[PDB]
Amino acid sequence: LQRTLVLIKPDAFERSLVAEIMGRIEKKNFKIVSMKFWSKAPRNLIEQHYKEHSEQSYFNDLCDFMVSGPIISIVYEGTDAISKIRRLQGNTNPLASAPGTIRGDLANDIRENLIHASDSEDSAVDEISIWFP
């Protein structure tokens, strides 16, 4: 078993896609271990979540977007959950995300991309600790 950290991003709320995204993960038989709803995540939490991106040109725009509406943070559990949910998520770039994936079917922007999912064992631990101290 692994646990991974998923964020449902503000664009999912704006576009009424929260259940659609959560449903795709639920239909794959992953179980919710923890879940929190944020009317607006504190900016500092967002900066910590994306600390590895602090020197990128998009960092401030990314943080602005992430505090622009609600987020749901979820810890999902399942065998090899980290890599599996990453494959369901799809690539960041709308020129690459595959039809059938969450981003491939539903996202059309590199930043407004509906969902975060941890990318490794090492980062899942870190991100779960940020959202679920």
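A residue's number is simply how far along the shown sequence it sits, counting from 1.
The stretch with the higher mean CA B factor, choosing between 1-9 and 124-132, is 124-132. Stretches 18-26 and 114-122 differ in mean CA B factor, with 114-122 having the higher one.
Based on the entry's C-alpha B-factors, the most elevated value among 90, 70, 42, 94 belongs to 42.
When the modelled residues of the chain are ordered by C-alpha B-factor, residue 55 sits in the highest third. Ranked within its chain, residue 35 lands in the highest third, by CA B factor from the PDB record.
Among the modelled residues of its chain, residue 64 has a C-alpha B-factor that falls in the middle third, as given in the PDB entry. Ranked against the other modelled residues of its chain, the C-alpha B-factor of residue 79 as given in the entry falls in the highest third. In the deposited entry, the Cα temperature factor of residue 101 sits in the bottom third of values across the chain's modelled residues.
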